[PDB]
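Chain residues, written in single-letter form:
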Amino acid sequence: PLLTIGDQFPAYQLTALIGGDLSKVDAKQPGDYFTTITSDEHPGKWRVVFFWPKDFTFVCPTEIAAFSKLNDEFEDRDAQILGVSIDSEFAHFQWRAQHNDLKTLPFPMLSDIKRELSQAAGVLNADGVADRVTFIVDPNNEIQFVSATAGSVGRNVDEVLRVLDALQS
Amino acid sequence: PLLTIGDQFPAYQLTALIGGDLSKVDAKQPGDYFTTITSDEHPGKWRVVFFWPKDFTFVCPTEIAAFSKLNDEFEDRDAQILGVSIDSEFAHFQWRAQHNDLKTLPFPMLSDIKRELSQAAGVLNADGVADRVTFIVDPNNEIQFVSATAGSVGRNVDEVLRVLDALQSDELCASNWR
Amino acid sequence: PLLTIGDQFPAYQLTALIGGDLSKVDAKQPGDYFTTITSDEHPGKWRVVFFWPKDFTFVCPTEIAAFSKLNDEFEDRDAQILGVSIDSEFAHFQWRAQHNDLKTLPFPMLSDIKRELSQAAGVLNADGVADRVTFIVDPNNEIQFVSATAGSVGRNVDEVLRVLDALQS
Amino acid sequence: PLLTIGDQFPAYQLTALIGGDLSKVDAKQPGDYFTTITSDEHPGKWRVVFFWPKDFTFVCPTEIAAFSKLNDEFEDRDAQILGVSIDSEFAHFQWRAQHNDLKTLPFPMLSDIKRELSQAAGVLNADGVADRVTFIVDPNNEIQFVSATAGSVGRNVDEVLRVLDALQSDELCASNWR
Amino acid sequence: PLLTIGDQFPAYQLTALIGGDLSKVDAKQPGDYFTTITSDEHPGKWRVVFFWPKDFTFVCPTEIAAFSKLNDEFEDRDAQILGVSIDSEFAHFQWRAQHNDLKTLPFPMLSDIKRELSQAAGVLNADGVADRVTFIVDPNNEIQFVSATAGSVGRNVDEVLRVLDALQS
Amino acid sequence: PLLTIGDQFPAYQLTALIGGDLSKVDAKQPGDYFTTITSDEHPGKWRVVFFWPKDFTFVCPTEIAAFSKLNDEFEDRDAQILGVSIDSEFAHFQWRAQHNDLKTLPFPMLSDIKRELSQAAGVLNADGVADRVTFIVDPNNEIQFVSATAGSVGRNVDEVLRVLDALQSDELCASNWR
Amino acid sequence: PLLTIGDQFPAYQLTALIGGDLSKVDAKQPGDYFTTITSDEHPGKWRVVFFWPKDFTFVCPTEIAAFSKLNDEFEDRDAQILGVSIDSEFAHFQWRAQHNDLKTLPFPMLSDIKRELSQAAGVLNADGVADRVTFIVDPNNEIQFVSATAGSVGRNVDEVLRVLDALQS
Amino acid sequence: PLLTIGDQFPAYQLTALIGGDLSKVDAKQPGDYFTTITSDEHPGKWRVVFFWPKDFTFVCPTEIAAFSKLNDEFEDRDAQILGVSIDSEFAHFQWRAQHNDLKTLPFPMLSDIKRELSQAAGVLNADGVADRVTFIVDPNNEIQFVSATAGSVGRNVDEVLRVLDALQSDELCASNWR
Amino acid sequence: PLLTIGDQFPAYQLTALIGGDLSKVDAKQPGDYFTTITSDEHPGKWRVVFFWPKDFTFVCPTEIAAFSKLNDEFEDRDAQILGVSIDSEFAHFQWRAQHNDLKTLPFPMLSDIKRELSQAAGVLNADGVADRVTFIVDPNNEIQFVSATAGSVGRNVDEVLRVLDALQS
Amino acid sequence: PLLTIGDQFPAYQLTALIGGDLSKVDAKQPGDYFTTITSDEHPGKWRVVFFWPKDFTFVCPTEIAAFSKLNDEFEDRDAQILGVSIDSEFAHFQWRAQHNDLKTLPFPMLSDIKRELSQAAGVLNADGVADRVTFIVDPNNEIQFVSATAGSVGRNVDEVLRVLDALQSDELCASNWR
Amino acid sequence: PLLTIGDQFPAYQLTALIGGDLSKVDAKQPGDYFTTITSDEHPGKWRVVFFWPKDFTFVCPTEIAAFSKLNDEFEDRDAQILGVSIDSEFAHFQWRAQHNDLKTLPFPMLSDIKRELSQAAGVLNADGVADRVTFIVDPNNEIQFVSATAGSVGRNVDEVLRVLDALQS
């Protein structure tokens, strides 16, 4: 049972790898790459939440490119993109530090390491990992879009932008 | 709580308005426009199930034209499109007889008049009608795609076709489509 | 179990297509054709409530004519006619906008879309729709007449007028 | 809560005053005016069941004359009219023996003296008597028409006949009658 | 189980046909023949209560005569005679209006139409009607005599007078 | 709560003082004045059962004389009279041996010493003794008449005989008796 | 289970035939032969209670004589003799009025007509009557002697006097 | 509550990253780097099971070199080393493909992705990951050694080897080792 | 179920043989060799707790030597070593008094004679004795290390020092 | 609540230190000093069971010498002496190897290390050890003597022998002993 | 289950034959030989309690002699000897009055006639009598010695003195 339209998106408080070029961050401690992100953190913004099963699985260069080009377009619409898997924050870091496409990913990656958000959202599947699910959550914390896909169907980020746009009009 | 990836789609047995030009069907009796459609009616086919809230409501004219320039691409892929709302079969008929864009809609429209299928799929909303939701269900009756939208955001039918195609082919890239 | 004589008619709050010539209404928004109607809405009037199964089924031209000619006769008797089916208000609109007989129907059509009134009244049947049932409800909210018919037995509107008359004397 | 369309009419077994001129029946014993009438007594017939509150109460003289100019039209349609109140069979007798308009009433009057049938049909009211209600019940014992009225609104028997006729014939129009 | 000696007679509130010559009553409305009678209605009087099964069954001319001749004798003893069956008040009226013997019955006939008094007294039988039962109830509402008979055994009204007399001494 | 019309009279099995002149019975043993009387003792007979509160209490001399000028009329009608109180059989004996009016009483007096029959019939009162009650019970053990009186109102035995006679004959009129 | 030594004798309130020569009592009403006797009635006296099964059974002339001769002896010892059976008071009266030996019985005979005392004392037997039982009850209401016999074993009144004497010393 | 000496180690069935140089395995399909490893996979062998919290975390370079200069000493003793964390098999792969010190790690790394084994062993901690724990389990599946450490205290693998050796040989002295 | 990392070490109050050279203690009473030791007794110190099954079993001379040489090293790290078995304090005394190696054991030996500490810690085994288990407990009473071994595997005291060091850094 | 006269002594199965000079036993393996002793080990013998709180505690040197000048008198009487404390078998060994007075103790010392026998006999005290108690149990496992003392009151073993002797012989007099 | 070391000895309140030469007591009433003895009766004394099964069974002359010679020895140690059986006090009296050895028994014999003390102490056996059991009870009411014997094993009174001595030191 996936949370649907009209449902409150779950509360969360999770460690996250920061967005943006990791080589551009200073480096006084490992903790500098990392941050806590909670559901109370941009009051009045839309949140576009991407779940996926496992770090280190094939992603399309075009899909990662689409995130960078479409970044201003999401920001202009008061929408904060957030990625979530149950991988640890060090797995997130390692994925973004070693795969040239992922180097400049502009948004944070949350580590749902106790699996509490995936569970509460209805996305935790039979393999023990989040399904590939996108949610759009409005400023009242209400889901206005959910999309779930099996297997390894690529995300169409432009379509999720289209929906956000149409939701705000 | 929507049904999700890996769930069995619910069983059903609903009066449907037949697909195709209703002007081509011989008017020998009224019941010629209608059949009973059950969940076992399409063996071996993927089922692409679209719910909408109410007949007689604004639908973007190019979304309709997509459901009919595209219906062939779905069949080629052994997929059966089925539309569902809570309206009666007579409201479906009337919509497809007098909305010009729908005059040639090639698939059946199920009448979920007892609300049983919308309810079992997790789709019936607080106003008593189906949310705008799409399911792709495989030949073993398993959900492989579900998408839901608030309000009056229109469907991108070509996106649904892409997903269907990616599910059957293990294409990994949204940009490799068309 | 149908509600009977002496029973309180259920409370309701439903969207309704307004009565009267739809071509005579202005048109600044779609919502102009529509209204909310509640059970608290004509204090001191009798209500004559017609349920039917489905919009877009055969109605007799003579039956629709009888509504227009008998309209003054119901109004003169402080009786508000109300129609109810579980169809949506847009189905009601479409039925009245496209069938020349229905164009000038002088009373509102309520959309019992969650099926709550039909259920509470005892008229929701095994097909999931309201039976063909007429109620006459007095100003104390008490049923003084109920008539229920199977199948496609035409309504005799003149008989329901006769009964109302006899009830008031 | 009245029984409604689609419900089974209740079983019953009640002493009835026989129909017809009571002056024509041979007075060999008092019990000659009476029989037991059960719900299986009329196989293959539609049953038109009229309840009223009390014998000896004002009935419009033309309603009675309708129940006897019309009783033939009902029989022609394989319908059996049965009257029911809570009065005893002896009160029915007395009403039909000394009210001139009722001297020739052609159908039986059931005595629901234990109140069991009125109660099971949903017809017994807060004063302890039957509401003014009419049922049409088909040969499979299923209710196809129920009508109830407060107070002392008289029955339109010709309307009941119309409904009976429309139920058997699929006439859709009240104005096509007579 | 019939109520017996020492038992409180049940409370009642029932519509009744008035006693006496019905042709001697004026006639401004039907309701003029009728009255409500309750158990609180002659404080300090004895009540002699007659139940019977059904109006319109054979009664002996001699038994009805005995009521008229013995009337002063009951009144002289502060005893109010009351008749009860489950027939309606209009059945009572019709019985007394059409049977020449009954025309001048000097006491009221109560309509136990919901069958509550017969039930509470223990007289309601398996046919659904009151048995033929006489009670004598003293001014404290206490039963001092009960007599119940099957079938169509005629009442001996003189014997009930004898008993009342002996009870008062 | 007295047992009433249509009820089964209770089963019983009680020591009785024999009916008839006790001076005629041979005094070979004391037990010659007594038998056990059960409720199956009188097959085919109606039973007329009189309860009274206490032996040795004022009984009107003409009521007794009625129970013995009338006992033949009861037998002629296949009726067995049985008297019952809660006193012992020895108190019955003593009453019938030394009250002159009772010296020739022709029926048995049952001793309900455990109070079981009075209790089961609904006759035992708040003082612990039988109310003054009469039952007529038919050959199928069914109550057809019950009469109860407060205090020291004496029985009209001829009235009981009348009722017995009317029950067996369908005489409708109290005035047609004697 | 008979009440024994140390047990409280039951409370009672019963109608009784008075003791003494019945022909010596005046006679203004039947009630003159009779009285109520309760357990609260001689404060500070011993009570010698005799139960028996049935009035009108053989008693020995010698046993009745012993009561009259031993009467002063019981009174001198502040002991009140009381007889009890379940017979009615009119049976007691009749027994004492008609049997020449019993004419001058100096003590009261209680009528345990509801069988409550016999029951509470443990003397009510399987035939429904009191066993032949003697109790001696002291001024504190405590049983100091009980004797129970089957069948028709004659009472030895002199022995009960002996015991009372020895109990008081 | 850790499982302890004498307890049965839990059953398991987990995807593992294969041991050895991943550069030597033929890249015919991705699944060639992985197998399913069950708790019955190593009959007759002692199992040396190391849990750690997270891949990609600082591990002392000489501890790793111990797990590969020492892995032979373990095999000689019929012991199978198995590593376990909650990371996916793809995170194990990535760690062993790009951390140079791990390029040649000779034993399998189990993916406890459902957390079931960590939970059953008593090892899953309040942060949702495995505590740093070592078990030695004998050929009858019985725990003969368990060691747990807070924080980022590194393992002394040679100590574990010593214990393994002492368990199989009844050496009583830690100082008789090497 | 052994207590693990993060768990509170159990409270205890046990009789103990004092640490150090027993021949160097005076001797005014037997009780002089003995003391009570409780869990509240060095506030702010680390505690290194050694359990073993049975006094009088083989211990390595080298292991006992390691305790004396490493003693300053534990003290320098604010760590109090404590030994525990379920043996009585007189068994502890006798073991240390008669085995030349044990003569100078610098730490106390607790007698867990009711087996309450071993039970509460999870170390009491199927033979009824403590397993060979080492715990390191920090100043907040939190376990930061546990090690349990079957059979007769010698302790490596230097390794436990290594761990303590690394825990404190 | 001690077990008492007439009670069954508890079943047991405990490691014991063997009786006799431990210097005479061949030191081929450590287990040569020990056996398992069960409650069925001594069929046909009376069992004289002494509990004490702790090994290594002051025992009066003449009480010990009594347990060895007297052990023959017990055997002559088909009695087996068994000592019990909660100490381990290794503490018993050590006590009997290095306390000179105990070097030649001729009976077994049971190790009640799980505390099960002390508990079942009612002997385990609030300090967790056995009270100083003696039982004499006959060949049918029935208790014929139990004696318990607080504190450090020493046993009079000759008294126990007297009781044993009086139980087997029906001597009535304590003064007829020795 | 016999009460043991550390247990509270039961409370008691029992009739007792006094100790000492019975021929030396005056004799104004039978009650002079007798007394009530309770557990509250020598505050601060030790109590040495002897139970036995039945009065009138063989006791050794030497055992009775030992009581007289050892009497000062028990008194000097603030110890009160008490004997208990379930025999009545008159049985105790009769035993001591008729058996020349018992004539001068210096201590009281309690009559545990309701068997409450024997029961509460755990000494009441399967024959319904007290086992042969000695208890030594200290001034805090705590049992410090219990000895129980089957059959007819003679008591060694000197041994019980030895134990008392050793308990007090």
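Residues numbered from 1 in each chain as written, not as in the entry; some residues may be left out. Chains lettered and ligands numbered in written order. Part of a larger assembly, values for the part shown. Heavy atoms only, no water. Residues with missing side-chain atoms left out of burial classes, pairs and counts.

Examining the overall build of chain A
Logical step 1: When its secondary structure is counted, chain A shows five helices and seven strands.
Logical step 2: For chain A, the N- to C-terminal ordering of α and β elements is β-β-β-α-α-β-α-β-α-β-β-α.
Logical step 3: The C-alpha atoms of chain A give 15 Å as radius of gyration, which agrees with the globular expectation for 169 residues (15 Å, within 12%).
Logical step 4: For chain A, the spread of C-alpha atoms along the three principal axes comes to 45 × 35 × 30 Å.
Logical step 5: Taking the contacts inside chain A whose residues are at least 6 apart along the sequence as the reference set, 76% of them involve residues at least 24 apart. (Helix = DSSP H or I, 4+ residues; strand = E, 2+ residues; numbered from the N terminus. Rg over C-alpha atoms; globule rule 2.2 N^0.38 Å. Contact = heavy atoms within 4.5 Å.)

Quick notes on the interface of chain B and chain A
Logical step 1: Contacts between chain B and chain A engage 27 residues on the former and 27 residues on the latter.
Logical step 2: Of the roughly 2,200 Å² buried at the junction of chain B and chain A (both faces included), carbon and sulfur atoms supply 59%.
Logical step 3: Applying the counting criterion to the chain B and chain A interface returns zero salt bridges.
Logical step 4: On inspection of chain B and its partner chain A, the count reaches 12 residue pairs in polar contact.
Logical step 5: Mapped onto the side of chain B that touches chain A, the elements with two or more residues apiece are β7 (143–149) and α5 (157–169) of chain B.
Logical step 6: For the side of chain B that touches chain A, the leading source of residues is β7 of chain B, giving six residues.
Logical step 7: Tallied by class, the residues present in the side of chain B that touches chain A amount to 14 nonpolar, seven polar and six charged. (Buried area = accessible area lost by both parts, 1.4 Å probe. Salt bridge = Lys/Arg side-chain N within 4 Å of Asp/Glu carboxyl O. Polar contact = N/O pair within 3.5 Å; in protein donor to acceptor, adjacent residues only side chain to side chain. Nonpolar A, V, L, I, M, F, W, Y, C, P; charged D, E, K, R; others polar.)

Focus on the environment of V84 of chain I
Residues and elements named next belong to chain I.
Logical step 1: Structurally, the position occupied by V84 is in strand β4 (residues 79–85).
Logical step 2: As a C-alpha pair, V84 and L14 span 70 residues in sequence and 9.6 Å in three-dimensional space.
Logical step 3: Ignoring anything within four residues of it in the chain, the contact list for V84 reads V49, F50, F51, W52, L110, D112 and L117.

Digging into the sheet that holds strand β5 (residues 109–111) of chain G
All names here are of chain G.
Logical step 1: Taken in spatial order, the seven strands of this open sheet run β2-β1-β5-β4-β3-β6-β7, and their pairing is mixed. This sheet does not close on itself; its edge strands, each paired only once, are β2 (34–38) and β7 (143–149). Strand-to-strand twist of the sheet, defined as the mean angle between neighbouring strand axes without regard to direction, takes the value 25°.
Logical step 2: In the sheet, strand β3 (residues 46–51) pairs with strand β6 (residues 132–137) via five bridges, with the strands oriented antiparallel. Paired with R47 across the two strands is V137, which belongs to β6.
Logical step 3: Set on the sheet, helix α5 (residues 157–168) makes contact with β3, β4 (79–85), β6 and β7; between it and β3 the angle comes to about 155°. (Pairing = 2+ DSSP bridges. Axes fitted to C-alpha atoms, helices over the stretch in contact; angles between N-to-C directions.)

Describing the UniProt feature "active site" in chain A
Logical step 1: Per the UniProt annotation, the sites labelled "active site" are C60 of chain A.
Logical step 2: For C60 of chain A, the position within the fold is in the loop between β3 (46–51) and α1 (61–69).
Logical step 3: For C60 of chain A, a relative accessible area of 2% corresponds to the buried category.
Logical step 4: If sequence neighbours within four positions are ignored, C60 of chain A has contacts with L172 and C173 of chain B. (UniProt positions renumbered as here; feature names shortened; annotations may be inferred. Buried < 20%, exposed > 50% of the residue type's maximum accessible area, 1.4 Å probe, protein only.)

As for the interface of chain H and chain I
Logical step 1: Listed as interface residues are 27 residues of chain H and, on the opposing side, 27 residues of chain I.
Logical step 2: Each partner contributes to the roughly 2,200 Å² buried at the junction of chain H and chain I, and carbon and sulfur atoms together form 59% of this total.
Logical step 3: Taken together, the links from chain H to chain I amount to zero salt bridges.
Logical step 4: Summed over the shared surface of chain H and chain I, the result is 12 residue pairs in polar contact.
Logical step 5: Of all the elements in the fold, those that place two or more residues in the side of chain H that touches chain I are β7 (143–149) and α5 (157–169) of chain H.
Logical step 6: Here the side of chain H that touches chain I takes six residues from β7 of chain H, the largest share from any one element.
Logical step 7: When the residues that make up the side of chain H that touches chain I are grouped by side-chain class, the tally is 14 nonpolar, seven polar and six charged.
Logical step 8: As paired elements, β7 of chain H and strand β7 (residues 143–149) of chain I share five bridges and run antiparallel to each other. Its bridge partner being in β7 of chain I, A148 of chain H is matched across the sheet by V146 of chain I.

Some points on the side chain of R155 of chain F
Residue and element names in this part refer to chain F.
Logical step 1: Among the secondary structure elements, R155 is positioned in the loop between β7 (143–149) and α5 (157–169).
Logical step 2: Separated by 2.7 Å, the side chain of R155 and the backbone oxygen of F51 make a polar contact.
Logical step 3: Within the structure, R155 has its side chain in polar contact with the side chain of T134 (distance 3.0 Å).

Topic: unusual backbone geometry
Trans peptide bonds make up most of the peptide bonds, and negative phi angles are found at most residues other than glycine.
Logical step 1: Not every positive phi belongs to a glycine, and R115 of chain B is a case in point at roughly 70°.
Logical step 2: Within the element layout of this structure, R115 of chain B appears in the loop between β5 (109–111) and α4 (116–121).
Logical step 3: Phi is positive for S169 of chain E, which is not a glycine, with a value near 85°.
Logical step 4: Positionally, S169 of chain E belongs in the segment after α5 (157–168).
Logical step 5: You can call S169 of chain E exposed: its relative accessible area is 79%.

Quick word on α5 of chain H
Residues and elements named next belong to chain H.
Logical step 1: Spanning 13 residues, α5 covers 18 Å between terminal C-alpha atoms, matching the ideal 18 Å at 1.5 Å per step.
Logical step 2: Within α5, 10 of the 13 residues are buried, which leaves the element mostly enclosed by the surrounding structure.
Logical step 3: Here α5 has its buried residues at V157, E159, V160, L161, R162, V163, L164, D165, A166 and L167.
Logical step 4: Backbone nitrogen of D158 and a side-chain oxygen of the N-cap are separated by 3.3 Å at the start of α5; the cap is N156.
Logical step 5: Directly beyond the C-terminal end of α5, a positive phi value near 50° is found at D170. (Expected span 1.5 Å × (residues − 1).)

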